[PDB]
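Take a look at the structure tokens below, where one protein chain is shown in two forms, each on its own, as structure 1 and structure 2.
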Structure 1
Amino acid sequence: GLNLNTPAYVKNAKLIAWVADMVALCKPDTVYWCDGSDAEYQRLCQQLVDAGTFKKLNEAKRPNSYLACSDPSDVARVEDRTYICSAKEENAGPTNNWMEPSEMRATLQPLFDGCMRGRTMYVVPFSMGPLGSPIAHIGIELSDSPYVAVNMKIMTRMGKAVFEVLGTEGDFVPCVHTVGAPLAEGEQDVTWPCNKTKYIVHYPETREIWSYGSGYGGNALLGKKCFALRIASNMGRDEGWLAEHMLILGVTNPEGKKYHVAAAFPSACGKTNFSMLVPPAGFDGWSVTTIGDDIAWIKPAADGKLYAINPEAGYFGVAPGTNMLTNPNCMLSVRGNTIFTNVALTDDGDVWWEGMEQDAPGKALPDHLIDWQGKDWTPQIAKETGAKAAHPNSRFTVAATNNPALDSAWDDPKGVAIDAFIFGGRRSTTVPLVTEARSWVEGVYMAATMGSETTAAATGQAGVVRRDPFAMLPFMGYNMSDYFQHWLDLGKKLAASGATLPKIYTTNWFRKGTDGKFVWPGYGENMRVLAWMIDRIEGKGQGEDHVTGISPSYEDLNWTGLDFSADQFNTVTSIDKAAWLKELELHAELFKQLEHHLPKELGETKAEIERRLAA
């Protein structure tokens, strides 16, 4: 067989045998084992610069940073090409794409046979969770993309240290990735190799992940969505814990009390911005710190609390919209040591994306850019055609340690206790600014039935309302109704300790006015909603009972420093009977689709809401 170039520190015979088998299948020219060092990162970045995949940014404006632009067919997740291949179709469920596992294996085998001819296979060892901690899991991703390798260095704990934990007998999650663009002898490569045919396949019984044809984000960084949500959610269902599409933040009030909250918003619907928000005027003495911005692993303890950890090591964040007013901690995070994907290039070798003009002299657009497709871009082109200089799903990749608001426990494997959960989708209508659920069951109902308008984070038509239970529609690794039951059963376990359960809130930052602009300013002003949640956690916040739960009155929030009237508050908090009647019929359609194993508690809760609407 091909020389694996196995390092001496790899002591795991089963791992080596699996690599050998994948090398025999994929047939790369050579094999390279990533050690995770800073020096290797620099070498791989230089290799990407030579291929044209990276441009090195101006070191005076953006130190040790790089810009990649991708093929326009490969800019986002492809949900229709993503599969849960469980043994039984009912363990994938109606929210997932299923194929009989032997039939998927026969489909993928000819695609992966020889997929890496002409390329290097990079062996990318990584830990999700702190290295060697009781809650961490180790994965090995084989990829023919050095872009994957350098992004995994930032997003995970990557490299040779993993093999001390694996030892001789440790188990690992097996991940195989190819851009699906094998190269014949002497063939010239493209700057962003990919395939218009794509598959992202999970076999839960074996924890195998196979990815074909995409080099982009969640399709190709397999530790993130594929393992730490899809495979992990399955493991959690079996072992009594949760893997959730949630930020985790700490918030300290002026009395020095610190609380932690976990919030599930759908893809490109506000988590990263919320997870490091800066308290605005009126909140002297408050602080907000980031534990994670995207994935949370959560389990209950004997003390009746829920403990959350962030299994990632960095942020893979949406760039457009980011500036010193919307997310200054993010702006400071990406000052250097960052990879940017599909943003624009300034004449001086810096990066630009829509939204940055809010910090510019005269708040004006740059005179000239190279947009993410390599085309000349100007304010005149943008005015006449609406051309975006940065793709709407353009991303930065940056280490968590760049974040000035990073929580000191961000990598503590003991986790943080969650005092409240927040769920919220992108809804132009219907859903009020913030609602507290009256019980755990009603909160699970909130989360199970939430809707959200599609975004550029996956391909397809944006702006369409769909059901997105728990913000996990693209990421649930088993039947969604069983996952609802898991959340209900978790609540009963917590309550049996005698504890008070974490409260569950619904939020909506995204109500629109008649011109399609947002009625609520959002971003740092979301602190004013968070502060009410903290008041409620302490039993000092007032609220009014309405159809869907308990909501603050105008006087229950701090408006110091924000010009937002009681009339504007009434608009975004009023419960509209007609809109909620329509919404509950969309819940009924979801419950028909999810009939199999649907918890009866959900239909019971729906009936109670219907009574309150008809009262």
Structure 2
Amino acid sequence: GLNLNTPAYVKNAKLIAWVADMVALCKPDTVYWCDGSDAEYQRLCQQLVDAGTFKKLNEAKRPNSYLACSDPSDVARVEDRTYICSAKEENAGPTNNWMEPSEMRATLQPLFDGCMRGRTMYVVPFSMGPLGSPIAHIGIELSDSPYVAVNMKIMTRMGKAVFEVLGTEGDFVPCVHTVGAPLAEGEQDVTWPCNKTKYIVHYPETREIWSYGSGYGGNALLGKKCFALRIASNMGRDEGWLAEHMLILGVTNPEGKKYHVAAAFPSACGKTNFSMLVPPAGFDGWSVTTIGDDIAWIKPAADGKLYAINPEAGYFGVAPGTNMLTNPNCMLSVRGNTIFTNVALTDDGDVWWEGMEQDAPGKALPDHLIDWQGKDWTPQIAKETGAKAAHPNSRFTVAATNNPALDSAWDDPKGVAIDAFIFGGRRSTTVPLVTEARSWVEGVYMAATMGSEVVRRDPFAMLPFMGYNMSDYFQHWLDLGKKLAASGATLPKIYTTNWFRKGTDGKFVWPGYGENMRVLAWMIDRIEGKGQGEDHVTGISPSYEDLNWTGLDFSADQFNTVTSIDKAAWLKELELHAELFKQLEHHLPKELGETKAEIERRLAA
């Protein structure tokens, strides 16, 4: 009908009929199709300013940037409200919340019925992956949040170009989102509409994503987690590829040899820092470049290699902790053209977040700020009330092309061949600085059992993002490796890393940040077959002499403190693995049991 305002370039009848069904359900006042243009982005930003959702930052301090502050009830992903509604509960598994699909549809129907009354529905077309490419997938998100529209513009390839790829019959992932705050005639809107009742629902068989009540981050920017991980992991299982919670980086040595690694880190462990790593002193001629900092789509090719693409177009990164010491490439990235969410406002109209004082003379805190809740903030107020100036989950949104270390192949549809996988974690004890798995299966075991500090397990860093049963996902990784090795291929190395072993004084021994290059360089030597290492109960680890210490005062005893293996600690660690496996017993692959038994055998030898 005429009420869809369908542009002429939309030729896809199934898509129009679907938009019509959701407009019939959600009943927005008007329907607007986002063309993705720069002018439209500025218009929507101005609408957000007019509503009070955005404040324009000072154009001298932070050009063409905006600050949004959210309702305190709507500040993060809500995992207890996130559902995998597969036909069978066993295909959701113990790491996912399940509900019978017909029961969830009956639950969501009255909530979405009229949810957009009084609001504009934004039709947000987007490609995950480079446009028109053989490995990209198209999504359409219907949303009543202009905040969602402008952030999706930065985070994805958004707008009119999508429809030339879809053509008249192409498929798309259907996404529906509402803040769940319908407006009556003459009602004054709030600056951050949301609902205390929240649902983030995935129907894997139909690829549907339904989001109700949150306008924040991973709940509402449906391309990032709901599509590019949860739905995408299901597609990869059926089609022979991988959707992973991994950065992708390129590392080039002084001879121009270039390697790519994919690395999964749990929350507060350093994917953005590592993906933008700056080589320290002693690594002249080396360069590290960013393909992606969060999501990897990885497909084996006929040539026996695993090719990864970053399906996103920008960064939606955690702000606190970012400074010129931990991550100068990220700091340079957010110099302008950035949307900041829930960070603090300085007196000169700039932004601030915990950790930025590391760049200030004397590392001094600012005298005064307006915090993410609009309150006066001072160091003394922070001391008295405990309030952080920026919310811990505060964010920047910025285009990938703002990154000075952006890899030249970041949008190459052919992807990059992965030479190694890295699985991080934060462990005060037990886990060495770096360990190389002796085999693919033993690497999958490492990824399956990774944890972060008590110690919480987060297999493959996918605990909140697996689109199906975690144990079947383990099996997918094992089968994929077997099939690759069967074609004669050389499987990528797998490493576990741990930056956070504590010394006898309780401090972190490993300096981390740019010095992580020294561990990465050892991996490179191993990939080339020229690196040495010590074999131990769980794998191979470098000796002190195997790393390049040029430019860092770091002693053998410090290195052995973070890298040496202790049988007593690993006996206790395997007990914790046993607890994890009981929480995951259904369809747990036998190969993981064989790996645990082999570690136990080496511990007793």
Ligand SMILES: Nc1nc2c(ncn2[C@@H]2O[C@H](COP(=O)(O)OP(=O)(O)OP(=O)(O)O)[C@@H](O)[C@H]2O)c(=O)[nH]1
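Definition used throughout: the rigid core is the maximal C-alpha set that superposes within 1.5 Å between two forms. Throughout, residue numbering runs from 1 along the sequence of structure 1.
Visitor: Name the structure that matches the description of the form solved in complex with the ligand.
Guide: Between the two, the form solved in complex with the ligand is shown as structure 1, not structure 2.
Visitor: Which is the one residue in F112, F484, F510, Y203 whose C-alpha moves 2 Å or more between structures 1 and 2, relative to the superposed rigid core?
Guide: So the residue whose C-alpha moves 2 Å or more is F510.
Visitor: Superpose the two forms on their rigid core, then report whether the C-alpha of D50 is displaced by 2 angstroms or more between structures 1 and 2.
Guide: Where the cores coincide, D50 shows only a C-alpha shift between structures 1 and 2 that is less than 2 Å.
Visitor: After fitting the rigid core, is the C-alpha of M472 off by 2 Å or more between structures 1 and 2?
Guide: The answer is no; the displacement is under 2 Å.
Visitor: Align both forms on the core first, then report whether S439 has a C-alpha shift of 2 Å or more between structures 1 and 2.
Guide: No; that C-alpha moves by less than 2 Å between structures 1 and 2.
Visitor: Core overlaid, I295 C-alpha shift between structures 1 and 2, how many Å?
Guide: Displacement of the alpha carbon, after core fit: 0.4 Å.
Visitor: Where the rigid core has been superposed, how far does the Cα of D556 end up moving between structures 1 and 2, given in Å?
Guide: Superposing on the rigid core gives a C-alpha shift of 1.4 Å for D556.
Visitor: Could you tell me the distance the CA of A382 travels between structures 1 and 2 after a rigid core superposition, in angstrom?
Guide: After core superposition, the C-alpha of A382 moves 2.1 Å between structures 1 and 2.
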